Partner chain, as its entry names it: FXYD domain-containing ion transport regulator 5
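The chain that follows stands alone, in the form solved without the partner chain, written as structure tokens.
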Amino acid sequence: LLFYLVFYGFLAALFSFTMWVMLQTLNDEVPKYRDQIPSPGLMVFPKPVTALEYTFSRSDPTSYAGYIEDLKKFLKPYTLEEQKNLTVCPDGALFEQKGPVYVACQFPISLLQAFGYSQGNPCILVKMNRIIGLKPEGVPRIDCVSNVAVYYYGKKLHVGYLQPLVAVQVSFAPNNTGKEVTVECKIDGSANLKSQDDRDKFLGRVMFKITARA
């Protein structure tokens, strides 16, 4: 009848103990192995309802809202009041760290100027996958082509990290309105930062389809 209750109930005790022993030989700031994620792929924010296809109507507040509150919530820690407690790292450098306490740099939200949905020039943020370590190579630059207008040590150590964002503004002028704009962003000017794969269409390149309903 209920004989399995005692058997299964205490069967998990060995399973839990073996899980516990495994969890105490790991760190909390670095994975044991990390070769599957050797280079960082790219991604577009906000994440559409469909396969990276943005679709909003300019004559509607709710149509472009689902992206506006997403961008506002995501870009909240980047604001001026929430970046005043980080050291300003030199521009163009390769800032490293070795101290027992790690602190990230400052990323001002004023970098991503101009979110243009109502104006007719929607702004979507193209991010970069975070990899623990993996210092970038050459001149990292996100090249986005359709007028397209472009503008780590761990979650525990590098606390306060603010990754470099790139904001892509695809203008919808009256002469070209209602089209399905397909932009092709890609990392350029780098060697470690891979950009060519067959099955992995996102390792370096992200392709989104922005469309405004006239």
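Numbering follows the first chain given and starts at 1. Superpose the two forms; the largest set of C-alphas matching within 1.5 Å is the rigid core. Residues that one form lacks are left out of the comparison.
This protein has a second form, the form solved in complex with the partner chain, left out of what is shown; the following refers to that one.
- Look at 168-176, 58-66, 182-190, 32-40: in the deposited complex, residues with non-hydrogen atoms within 4.5 angstroms of the partner chain sit in 32-40.
- Comment: the partner chain is not present in this chain, but in the deposited complex one of 111, 131, 75, 86 has a heavy atom within 4.5 Å of it, namely 131.
- Note: rigid core superposed between this form and the one not shown; among 171, 163, 182, 177, the CA shift is 2 Å or more only at 177.
- Once the two forms are aligned on their core, the segments of at least three consecutive shared residues with Cα displacements of 2 Å or more between this form and the one not shown fall at 1-6, 175-177.
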